[PDB]
Structure formats: C-alpha cells, structure tokens
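Engineer: Pasting in a structure now, in structure tokens, and then I'll have a few things to ask.
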Amino acid sequence: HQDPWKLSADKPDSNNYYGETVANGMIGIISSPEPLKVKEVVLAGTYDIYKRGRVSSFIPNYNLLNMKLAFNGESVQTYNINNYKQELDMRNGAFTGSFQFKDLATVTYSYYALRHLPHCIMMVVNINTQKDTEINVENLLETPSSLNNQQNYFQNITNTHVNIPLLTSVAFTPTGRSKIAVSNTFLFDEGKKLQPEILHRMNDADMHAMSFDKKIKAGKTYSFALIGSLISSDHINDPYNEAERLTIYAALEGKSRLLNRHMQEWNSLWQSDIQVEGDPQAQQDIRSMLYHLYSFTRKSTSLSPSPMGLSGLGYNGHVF
Amino acid sequence: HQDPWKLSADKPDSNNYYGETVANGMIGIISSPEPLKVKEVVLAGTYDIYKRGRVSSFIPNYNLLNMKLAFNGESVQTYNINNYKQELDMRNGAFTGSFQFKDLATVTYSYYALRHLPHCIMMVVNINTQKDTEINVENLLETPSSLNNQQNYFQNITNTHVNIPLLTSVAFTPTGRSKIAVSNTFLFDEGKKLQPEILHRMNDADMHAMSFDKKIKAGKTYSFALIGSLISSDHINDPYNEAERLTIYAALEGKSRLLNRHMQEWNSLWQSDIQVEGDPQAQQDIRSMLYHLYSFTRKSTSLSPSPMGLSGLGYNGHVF
Amino acid sequence: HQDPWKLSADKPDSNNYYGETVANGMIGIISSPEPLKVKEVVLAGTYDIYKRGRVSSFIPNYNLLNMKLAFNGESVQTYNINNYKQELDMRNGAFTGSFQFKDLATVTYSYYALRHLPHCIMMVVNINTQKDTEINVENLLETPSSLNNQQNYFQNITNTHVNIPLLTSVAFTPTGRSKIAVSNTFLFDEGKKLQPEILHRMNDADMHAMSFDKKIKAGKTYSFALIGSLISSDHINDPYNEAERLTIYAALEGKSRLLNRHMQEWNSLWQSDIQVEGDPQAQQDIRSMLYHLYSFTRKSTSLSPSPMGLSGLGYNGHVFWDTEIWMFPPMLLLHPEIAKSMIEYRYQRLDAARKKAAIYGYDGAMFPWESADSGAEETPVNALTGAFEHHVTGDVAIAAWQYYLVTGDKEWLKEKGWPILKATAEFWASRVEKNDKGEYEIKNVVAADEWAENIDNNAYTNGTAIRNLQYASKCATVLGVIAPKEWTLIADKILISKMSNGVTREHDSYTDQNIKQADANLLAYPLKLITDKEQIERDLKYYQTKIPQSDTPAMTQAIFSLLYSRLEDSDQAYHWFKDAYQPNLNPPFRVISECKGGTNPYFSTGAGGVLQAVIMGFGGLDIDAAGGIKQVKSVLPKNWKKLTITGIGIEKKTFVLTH
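Chains as they are written, first to last, in our numbering: chain A, 15 to 334; chain B, 15 to 334; chain C, 351 to 1009.
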C-alpha cells in the first residue's frame, strides 16, 4: 500500500471511509466506497447561500458518474462482488475500482477530471467475461437537494456516422443565483449500426437515466465510456447549450484523444516533483500533497483554492 | 362529391381552402390542405386572455398530429405527390388523406378525435409500396406562440412486452392561468424486438420531434399509428402525468380496441338521423349539420358549444 | 424597372413577393405587399431564446408603422385601389407606396429608418382628394407573438405650443431577457389648435391604436407624419422612458430637420460608389448590394451584421466569418469607419473568446463560430460547426490586420489590433500538433467546405492559422514588442498538401467529393498563400465543378469571378459574376437568397462576396501586404464600357477602368 505514485484501498469499509478526490482545478469528484458511484461533485467558482454560516458556499452538484450495472438482471452491489479494490494513480489523477462479479466477469472502471477540459469528466468501464453474460448499464442524473427547478432532457445528436445520445439536466442553486447544466453521453467502440440502443427513463421528480443492454460472450472484453460536462452561469452565459456542445465535442474527440491530452497536461505538472530516497511513506505522502495542490489549482485562470480545494464544501469553498 | 356520408376534396387548393373539423366535444382538429398536417387544435374548457376583445379566449393548441414523411431521404410535399384527395367520413368523424408518391408508394392517413376518450387523438398511416423504399417518419411537437414556458420531454415506458416511446410537451396559456400537457406515441404491429428504434431531437426552442426509419419491400403494406393525449389544468390537477398515463393506456388498448370503442359511440349518435329522398345535396348538407352538432357537444358533461363549436377561436369560444 | 438608384414594383403580387428592407444599422423594416403595412421589424443587438436552433435569436418586433386609412368610413383594400406601386430609393433608403383610392384620391406614403437616429423611424403620408372628403387614420401597435407581458399606454405631452399624443407599448422577449419599448406620435403642419383630436382604443389583449378624422377639401393635399422610436434594455437601462423621450425629441425636431439630417448621412455613405457604363442591370444590382451593406452596418459602433443583416431572422441574427471575410473587405476599402465597427464588435468580445478557448482546452482567444450579445458560442448544438469549425479565429485576426494595413492607425493597432492578434496567435500555437517529420497539423475540424466534418488539415483552416501567426508576428515587430519565435516556426511548417495532379488537397480525406463552397480556392483569394497563376488555375479547374447547383450558399462563385479577373479571363470572370447572385434572386426587387432558387433573402454575405468580385476582381484593387490599397491587372466584362469606383482607401481615391 506504499507505491510512490498510487494510493490503494482493499475492500472499502463504508463505516470508516474518507473518499479521495480527482480534480482539474475546476471540477472535483470525491470517491464513494460503493462501486461505480461518486460521493460528491464540486464545481469551482459557483457560490450561493447554502447551509453553513448563512453566507455564500460551494454547492453539492450532480453526481454525474453514478452508474448501475446488472449482470443477467442481477444488480451489482458491495455485498455480491469480491476482490473489490480502489486505487488513485497520482501520475494522471485516475481513480480506478476493480472487482469480480461471481463466475461472470471482472469489472474495471477508471474516472478522470479531464486536465485539458476544465468542465469535462470521463469514466472508462472494462468488462472481462469468464462466462456468457448480458449487462444492463444505467447512468443516473439525480438532481441533488441543494438544487431546485430542475429539468431532465434526453436527445439524439446524429449524422451519417454517429448517434450521440445526450442525457442532460439543468437546475438552479438555492436562491436562483446560478444555473447549472450537466450533459452526459456513452462512447462505444463498435460504431453507430452495432452500438446498443439507448433508452431514457424519467420516473422520478429528481432523477432520470439512460440505459442499455449488451450481450457479451465468454472470454471477451467489452469497453464503454461515460463522458459528462458540468458548467454553470458563473462560467458561461448559456450553460445548457454549452454543456451539450462540450459533450458532443468530447464524444467526437473520443476516449483515446481525450486521455492523450489529459496525460500530456499531467506529464507537464509532474516535471516539478519531489523525490525522497530511503523513506517510502514520506515519498508517497509528499506525492499526495503535490498531487492535491496540482489537482486543486489551475494555470491561466483567476481561480484560488479554498482550504479544502475541491475535496468538498470545507469552509464554504471560500478563499483565505 | 355528393356522398350522403362523406365530404370529399380533390387536390386541396391552399389559396381557397376552409378546413373541416373532427371533434369529440373536447378536442377539435381542423384540417390543413398540406398532407399529414393539421391547421389548428382547440381544447374545450381552456380559456385565457388572448388577442381578440381583451377577454378570455380559446387558445390555439399543439398541432399534435403534425408529421413529416420522407421516401429515400426525399421529403413528401404538396408539390411532389399526385392524386392527392381529402375526405371526411361523417359516420365516424374520420378525416382521411391519400396520395401517390412518384413510383414508390400510396399513402393513406386517417385521424380521429376518439369519441370515447375525450382527451385522446389517433392517426393511422398506411404505406402501400410499388417499389422497395425506406421511409423516414417524424412527429413534431411545436409549441404554438399562444403558449409559453414550454418544456420538451421524451422517455421510454418499457416492460418485457413493450417499449412505448412518449414525446411530451408541457406549456402555459398567456397569463399562466392554464398548464397544457400533450403526450404522443407511435404504435406498431411488429412487436418490441422488431419495431423501429425511435430517435428524439430537440433542435429548436419551440419544437422537438420523435422519428424512425423503416425499410419496406415492394408490394407490402406497412402501417403505424400516432396516438396523442391533450389535457390541461382546467380538466385535471396534474395534466403532465395524466397526459402520459392516458397515452400509455391508449397504446396498451391498441388501435383495434380504440377504433371499435370510437365506432360504437358514433353508431349510437347516428341512431338519431335525418334521411331526405330526392335531394342528394340537402341529404349531405343536413348530415354535415348533424355531424358538426354531434362533434361539437358531449353527453354527460357540463360543456356548452361556442357559436363555432370546436372549429377554431370564433367568438373566443364563449357561450351565447 | 432598371433605374440605377430606385427599385420599383407595380401592383405587388402577395403570392410571389419578397419584401425589401430599409435600415440604419440598428432597425430594419421589411416591406409588405399590402399598402400602409410593414411585414417585419428587427432591432439589432436584441437577442433571446426563440424558435430556430434553441439558441439566442433576433426577435420579430413591433410592426410600428402599421396604418389603416378610410375615406368616409370606407377602408382602403386591394379591391378599391388602382395604380398601386412600390419604390425603394437607394439614395436615401426611402420605401414609398402610392395608389389611387377609386377615382377620389391619390395617397403616397414614404418611410425611413432615420440614418442619424438609430432608434427612430418616420412615415410621411400625403393625400390629395379631387372632392371634399373625410379620412379616418389609425396607427396600430400590435404586440407580436414573439413578445409577452405587454402593456399598452397612451398619453398627451403638452405645453402652451404643442399636444404630442404618445402611443406606447412595453413588452418582453420570450425568456424575459430584454424589455422592448415602442412609442409613436403623429406630426401635423396645422398647429395645436387646428390639429385633429387623437382617440385611443385598447380593444384587444395584443393591440391598441390611436386614430383621428380629418376633413380634406377638393384639390387640397393633406400631409401628416408618424414617428416611432423602438429601443430595448440591451441598448439603454430604461427603454420605456427613453422611447417616449426620443419620440418627443423627434416630434419637436420636426419632419424637415429629421429628413435633412437623414439625407446628409445618406449623401456621405454614397460618396463611396460603383458606376458601371453599358449594363444598366449590373449598375442597379451593384447599387442594391452597396445599399444593403450600407443599410446593415453603422459607423462609430460595435455592431456587426448577421448573414441577413436587418432583413429578418436569417441565421438568428448571429455574427459569423461572413463579416470578416465576406462583408468586411468591401466596406474596409469604401468606408473604413464601417470596417472599424465590425472589428470593434470582436475587440469588445475578446474576453468571451478567451473564455471559449479555456473551455475547449486551448490558449489565447478562440472566437466562436456564431456570436451574438456576449461573444460566447451561439451555434445550435446540432450543428458540428459550433464545436469544430475553428477557422473563424484566423478570420478575425486577418480582418484585424487588414484594418491596420488599410488605415495605418498604429494607435488602434496598439489598443485593439494587437490584443486580438496576440490572443488569436496564442490560440493557434496551442491548437497545432507537431508530427514525426516536424510539420504542424490541425486535426479534427469542420472545413470551410462544411460538408467535410471531423477531418484533418483543412486547406482553408490551415491557411488562416498560417496568416494569423504571420500577422501577429508582423504586428509585434511594428509595435516593438517581442513575439514568441514559435509563431513563425509553426507558420512555416503548417501542412498544406497537394494531390498527385498538383491540386491543393481540401483535407487529408479529400479525393473528389462534392464541396459546399470554396475552400482550397480561398488560399488564392483572399489569403494569397497561392500566387503562382498555374497553381491558381489548376485549383480552379479541379474544384469549380465540385459545388452542386442545389443547397450551396453564395460564398463561392464571387471568388471564382475575382480569381478569373486576376487571371485576365473576362469570359470566365463575367460568367461567375452572374452565377454568384442572379440564380439566387427573388421578386419583385431582386433581393438575394442564400442559395440558387432559395427563398430566404437578404443574404448580405452574398452581396459582400460579389462586391469583392467587382472591386478587387474587375477593379483590380488589393490590400497591399506592406500597407494601403494597390491595383493589380484586371479585366472587365465585354459589355462594360467603364467601371468607376469612388472613395477607396484613406486617400478616398477614384479608380476608372475601361477596355
């Protein structure tokens, strides 16, 4: 557990678990002990009156990566998976979970606050089958109770080559000070004709979801990615259209191009580094400290970190 | 053109055309000279301040049947069809258009203000091919400029047997007095596994659409139906959920059951009739008069017709 | 109907009628075939979510001139008038209708978007009766269904000398983003005691009106004017009070003083002109193109025209490279103060371009594909141009440098040109990718040929990046600031590739696809990256038949014309000149649609391109890379005896060309 570049947890204990952050200086995503969920999402620069102190605060935002995975109709939970591990790769701010589901498949998921695209997030999911199985995949956009007057949209962006299904929500901070837009899509390798049909459900006041099924033969790897854009009226005049535009853009850049750009920017950040010989725990701790400052700041902006950076609502996100 | 039960028009002339109405005493639908379009939709009982007289008025409503049909990517228009005919069957308030598209197909469409379901409309489309062709079908929900604060939704209602795609809009009358909901679906004969995938586009502020493609071999008939529900806060506390509930209900009743119920109620209405021998024009004119009064009233209600019934906004829809 | 200054239509046919526009760069009024009505009114700089594209748009506004005229209670209709004519006088943007009511009276009405008062309109009505008669006149303020929450007011502004009756409406754009106010009054010659009493009616939710009766005696002319002011919260904090203030102001200036100021500003615009001897239809067509550009722009502002200027809601009123590359160059040569307003639009939106660059992972300023109020990206999300058509940033840099080349204004270069050129060059320096061979690529764009989507190394895009980087470096030299040496290194190694036949390749996936519009040919003009006449010719021969007849905008054939003029090929240059706009015309005023056989006039972008074919092509005028306007070899159409171009460059030079 003392890798100089990676922080590791075996079988997350939800009773004694403090989540880790991946961030690009604009969006922070704080890990959940639950597989394929995030605890909290914070958008820098967006403040409204909310809870502590009766003054402006960061606002808990859309947990835009929240996913439900079922194998043959059987929901994946902490209680029915085994060998469940979480890992933060500090070299590129990749948060990865991996687990075995019974006798059916190994699941690996990695998510990123894309370093070059301040408002874009990506999760890549790999399913490696030991038996023939059918997956049901759902991505949920639950409006947090911090937000109000939400609207839940879904549409297909198409041309002869693509069908980009967009799951979008728009909502407001408590006093209406800020309009938040989030727009998610699934990326597939197989192409428009063969990719899964995407269904949309709007069954709750505060949640809608996009979903698909995929049959996977034994001994195969099936990969898909979730891309999401999260932006507000504090960042852009028209967050609704800009979120959809950003997700379309990212989808047509594709996973490979996005991760390459992400890696280039993280490679640059780590050109400034601290190497300790003879003390592996100090080496890892100092990397974690550099990693958090690098994740919680952004060059070529007018952003300043709170005492808790983008790890949550600590000190209302205020600058001291 | 002097059938005692049917009013007929050959090649509608848009420069000299007064549309005919189908109605169930709750919804009136006034015909367009353009194929697969309606001019106007009026919902009884819904009044707000609007244009004429500075007093409450009927409100132009969603043209919920508006459809665009393309053959091999070529849009169907008045200018590229031939043998185009419109017919009102007064026996069951069926408005039918029929035309030939080049060397590819005969198109017949019939629509109904369902007599038993005051808030439900149905259009049935039959495509009879002379050559292999591919149809693109779009149903548009354009928010009329009479309404404001619209929202455009789309979702799939599914179980093991069905996928009912719902295209829904919600909007308000000018002063916000009344909330209007409309919800449309396509019915297919072929079943969940074989039915066309339904795409959803939201490209305009005031319009969204659901669409599909279908390949049809030469010498085949392909049929589909559009069902729509149109209701307001003047009729029900929660028009949004009630419109979706009504369209799901109608979809799971199906075309055959709905038309049977429709015919039973129209059969009852025509048990009271006026037969003239020796004057075919008088026979047809008197049928048209009975037909309009029967269409513009509804038993077991507290509705009263305006001087123009549900034919439009004549005299603001007021009762005299 | 080929008067060189006037467009005229006898007995307008409402079944086949495309209205003409009068505009002052702030308000556009589009004509109705119906007498004493207007079809549409558009206010510049007012945008809200509305219909097309789910993005901001121009909004149909109050048809504030709408009038009803009756003689002894008999309303003017089609069926009771004769000798009904319309005329647009391009010298002063006067739209005039004239008709005889039965055998009783002659009526003329002329209306104007006052050239000196951006928010003021005037209509002047003259009625001559052959017998004693009573007129009833009504002015209607109908709230269009584009607006909401309207209020309908009427009051009298008085002193011992005047009674100014104000008919006012205030309403909101669809999301409440903008408050609109309109205020109208009638002007009379006869003075306070004798003027007609003005009645007010509020009979509808969306319409109120002011009206009067007047007895006119046999053989007498009765004249009255309608003045209206139309303004929004986008233009002033308190539009309601400002609209009434403006109309009171205009009423007490009076018709004479207003029309004199209007005439003075129009006379000044027409000091830059194009005169053709031997071709009356070309002379009228070219005057119509200048007229529309002059009507759709305004000196001493930060306004930039949409592709349809103020002719309607074409492309939602958004600003595109259609300004920088198509409408801007002819305006820079004829009226540099118009070009200055167009680039000022971009300068004041540089912040928004820096924000877009940051959101899409780039440095510097990334100008949007479509711009409106804020300068943020406004392209409909369903169009991949918004996210991927990146040449607009280079197009803005090119116009900014050209502005300095033509004016020599070094203070402007320091304050505004350099901020644009530096930020846009920083964008391209971050946008390129160095490959194995040390070349610089620009991958995954939408081409100027917008049918080519998500392709690599587009010829036009790469050319704009080269020019942007070169011009930014040149600018740094002029101002004595040190430019990154990376800009020149990148410019010299950006890929522009040839196919095996030596033809410039449009993009890395390009072989022989049909193309929407000129792309590789734009490297010859305007970019002048290709100057070798054999290369220009082989690029024309390969691509000129790649543009289909249908669904292709007027952004091609004017460039073909210009390049054939530069090649001294009169037959080809004149063929492409006519093909650029004549197949796009709509009756009865020969307004220009976007595409051949199109029905969406007025495409000012198309007019701007054709004006370049005339000025830069037939006239041989060129922005010298070293500064100023030069003249290169050119030819005229066979049938043109003389081409005279006046008011060119800051020296206001006249150029005369003959065979």
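Just so it is clear, CB atoms sit at the ideal spot from N, CA and C, and this is done for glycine as well.
Under 8 angstroms, Cβ to Cβ, is there at least one residue of chain A near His214/B?
Structural biologist: Closer than 8 angstroms: yes.
Engineer: For the structure I just gave you, are there three or more beta carbon pairs, one from the segment 409 to 419 of chain C and one from the segment 248 to 266 of chain A, closer than 8 angstroms?
Structural biologist: Judged by Cβ distances under 8 angstroms, the segment 409 to 419 of chain C makes no contact with the segment 248 to 266 of chain A, as fewer than three pairs qualify.
Engineer: With distances taken between CB atoms, is the gap from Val795/C to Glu739/C smaller than 8 angstroms?
Structural biologist: In contact: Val795/C and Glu739/C (Cβ atoms closer than 8 angstroms).
Engineer: Near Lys231/A, which residues of its chain fall below 6 angstroms by C-beta distance, leaving aside the five closest residues on each side in sequence?
Structural biologist: Excluding residues within five positions, the ones whose Cβ falls inside 6 angstroms are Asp146.
Engineer: Here's the rule: buried if 16 or more other CB atoms are within 10 angstroms of the residue's CB, otherwise exposed. What is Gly67/A?
Structural biologist: Exposed, since its Cβ has fewer than 16 Cβ neighbours within 10 Å.
Engineer: Buried or exposed: which applies to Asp117/B, given that a residue is buried once 16 or more other Cβ atoms fall within 10 Å of its Cβ?
Structural biologist: Label assigned to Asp117/B: exposed.
Engineer: Using the beta-carbon of each residue, which ones in chain B are nearer than 7 angstroms to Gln165/A?
Structural biologist: By Cβ distance, chain B contributes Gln165.
Engineer: Can you pull out the residues from the segment 116 to 134 of chain A whose beta carbon lies closer than 7 angstroms to at least one beta carbon of chain C?
Structural biologist: If the cut-off is 7 angstroms between Cβ atoms, the segment 116 to 134 of chain A has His130, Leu131, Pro132, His133 near chain C.
Engineer: Strictly under 8 angstroms for the Cβ-Cβ distance: is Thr172/A near chain B by that measure?
Structural biologist: Yes, contact with chain B.
Engineer: Contact check, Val196/A vs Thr174/A under 8 angstroms by CB: the rounded distance?
Structural biologist: 28 angstroms between Cβ atoms; not a contact.
Engineer: When the Cα of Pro937/C is compared with those of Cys825/C, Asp363/C, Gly378/C, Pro354/C, which residue comes out closest?
Structural biologist: Comparing Cα positions, the closest option is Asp363/C.
Engineer: Taking only beta-carbon positions, decide if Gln169/B is within less than 8 angstroms of chain A.
Structural biologist: Yes, because at least one Cβ of chain A sits closer than 8 angstroms to the Cβ of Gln169/B.
Engineer: Do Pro210/A and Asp227/A have their C-beta atoms within less than 8 angstroms of each other?
Structural biologist: Contact flag set, yes.
Engineer: Would you call the CB atoms of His469/C and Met560/C closer than 8 angstroms?
Structural biologist: Not closer than 8 angstroms, so no.
Engineer: Assuming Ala127/B and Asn38/B form a contact by the criterion Cβ under 8 angstroms, report the distance between their Cβ atoms to the nearest whole angstrom.
Structural biologist: Their Cβ separation, rounded to whole angstroms, is 4 angstroms, which keeps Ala127/B and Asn38/B in contact under 8 angstroms.
Engineer: Report the three-state DSSP secondary structure of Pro179/A (helix, strand or coil).
Structural biologist: Strand, per DSSP.
Engineer: So, is the C-beta of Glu48/B closer than 8 angstroms to a C-beta in chain A?
Structural biologist: It does not; no Cβ of chain A falls within 8 angstroms.
Engineer: Tell me which residues share the same chain as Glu918/C and place their Cβ nearer than 8 angstroms to its Cβ, disregarding the 5 neighbours each side in the sequence.
Structural biologist: Cβ neighbours of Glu918/C beyond the five flanking positions: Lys983, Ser984, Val985.
Engineer: Quick check on DSSP: helix, strand or coil for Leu419/C?
Structural biologist: It is a strand residue.
Engineer: Can you pull the chain A residues whose beta carbon is under 7 angstroms from the beta carbon of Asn804/C, in chain order?
Structural biologist: Residues of chain A passing the Cβ test: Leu266.
Engineer: Please decide whether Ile63/B counts as near chain C, where near means a Cβ-Cβ distance under 8 angstroms.
Structural biologist: Chain C, which has a Cβ nearer than 8 angstroms to the Cβ of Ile63/B, makes this yes.
Engineer: Would you list, in sequence order, the uninterrupted beta strand (DSSP E) runs of no fewer than 3 residues that lie entirely inside the segment 779 to 808 of chain C?
Structural biologist: For the segment 779 to 808 of chain C, not a single whole beta strand (DSSP E) run of length 3 or above is found.
Engineer: When you compare only the Cα positions, how much space is there between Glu54/B and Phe115/B?
Structural biologist: Spanning the two alpha carbons is a distance of roughly 26 angstroms.
Engineer: Are any of the Cβ atoms in chain B nearer than 8 angstroms to that of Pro937/C?
Structural biologist: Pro937/C does not count as touching chain B.
Engineer: State the CB to CB distance for the pair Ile886/C and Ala870/C, rounded to an integer number of angstroms; the pair is presumed to be in contact (CB under 8 angstroms).
Structural biologist: With a Cβ gap of about 11 angstroms, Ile886/C and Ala870/C do not count as contacting.
Engineer: Within the continuous beta strand (DSSP E) that includes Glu152/A, where are the two ends?
Structural biologist: From DSSP, the beta strand (DSSP E) with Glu152/A extends over 147 to 156.
Engineer: Measuring straight from C-alpha to C-alpha, what distance separates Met681/C and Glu204/A?
Structural biologist: Near 51 angstroms, if we compare the C-alpha coordinates of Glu204/A and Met681/C.
Engineer: Give me the DSSP bridge partner(s) of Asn170/A.
Structural biologist: Answer by DSSP bridge pairing, in chain order: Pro179/A.
Engineer: For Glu211/A, go through chain B and note every residue whose CB falls closer than 8 angstroms to its CB, in chain order.
Structural biologist: Those within 8 angstroms of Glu211/A in chain B are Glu211.
Engineer: Could you please tell me which residues of the segment 297 to 321 of chain A, in chain order, have their CB closer than 8 angstroms to any CB of chain C?
Structural biologist: Taking 8 angstroms as the Cβ-Cβ cut-off against chain C, the residues of the segment 297 to 321 of chain A that qualify are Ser314, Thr315.
Engineer: Kindly say whether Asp248/A, judged by its beta-carbon, lies nearer than 8 angstroms to any beta-carbon of chain C.
Structural biologist: With 8 angstroms as the cut-off, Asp248/A does not count as an interface residue toward chain C.
Engineer: So, with DSSP's three-state summary, where would you put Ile1000/C?
Structural biologist: Coil.
Engineer: In or out: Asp439/C buried (at least 16 other Cβ within 10 Å) or exposed?
Structural biologist: Buried, by the Cβ-count rule.
Engineer: Looking at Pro410/C and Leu663/C, is the spacing between their C-beta atoms short of 8 angstroms?
Structural biologist: The answer is yes: Cβ separation under 8 angstroms.
Engineer: Within 10 Å of its beta-carbon, does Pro319/B have 16 or more other beta-carbons around it, so buried, or fewer, so exposed?
Structural biologist: The residue is buried, with at least 16 neighbouring Cβ atoms inside 10 Å.
Engineer: Where does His925/C fall in DSSP's three states?
Structural biologist: Of the three classes helix, strand and coil, the one that applies to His925/C here is helix, per DSSP.
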